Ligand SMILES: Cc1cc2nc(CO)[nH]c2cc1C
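Just the one chain here, laid out as structure tokens, in the form deposited without this ligand.
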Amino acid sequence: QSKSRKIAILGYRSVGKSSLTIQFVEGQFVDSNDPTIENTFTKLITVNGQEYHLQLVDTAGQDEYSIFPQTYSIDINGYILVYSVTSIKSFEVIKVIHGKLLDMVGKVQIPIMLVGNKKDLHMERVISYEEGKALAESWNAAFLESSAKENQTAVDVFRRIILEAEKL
């Protein structure tokens, strides 16, 4: 029988939070200039034979000054933290967000996924794979690079966070 899990997707503006989520949920790459507002999707996924009902919370992009909420610091089963490999600023910001997140969750190990998105834009990449891998390692977080244009990598992101959560 199925299990329910709630995942929050966090990160700086225009890193691809919406696009990655929509690619996973709907199978389509959408290019939109609407600002990302908090949006919750529901999605079925099977991971190692276990069926999951996912609630995916896309959050508005935040920056270093962003006060971290409290609503995103309880009842979440796992967090996907997204930066863009084409944006140094998004990478600086994801460190600040992670720090504020750990401060809010208290004395518990919470599944965290670091995601470097937009890996298809080879001519604009300014962050190496190794920089993100090393960051995730210092965090004990899973790490993947992704492209919202590539369905397999979006699926792999959301499978991975469920893999991490099930380890407890």
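Numbering starts at 1 and follows the sequence shown.
What comes next is about the form deposited with this ligand bound, which is not displayed.
- Classification of the binding site as blocked follows from the superposed pose of this ligand in the entry with it bound: three or more of its atoms fall inside 2.4 Å of backbone or C-beta atoms here.
- In the entry with it bound, this ligand sits within 4.5 Å of a heavy atom of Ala8.
- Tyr72 belongs to the set of residues with a heavy atom inside 4.5 Å of this ligand in the entry with it bound.
- Put simply, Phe68 is close to this ligand in the entry with it bound: some heavy atom of it is within 4.5 Å.
- At the 4.5 Å threshold, heavy atoms of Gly132 stay clear of this ligand in the entry with it bound, well away from it.
- Contact check for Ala60, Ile76 and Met104: all three have a heavy atom within 4.5 Å of this ligand in the entry with it bound.
- The partner is not drawn, yet in the entry with it bound one stretch among 134-142, 60-68, 44-52, 106-114 has residues with heavy atoms inside 4.5 Å of this ligand: 60-68.
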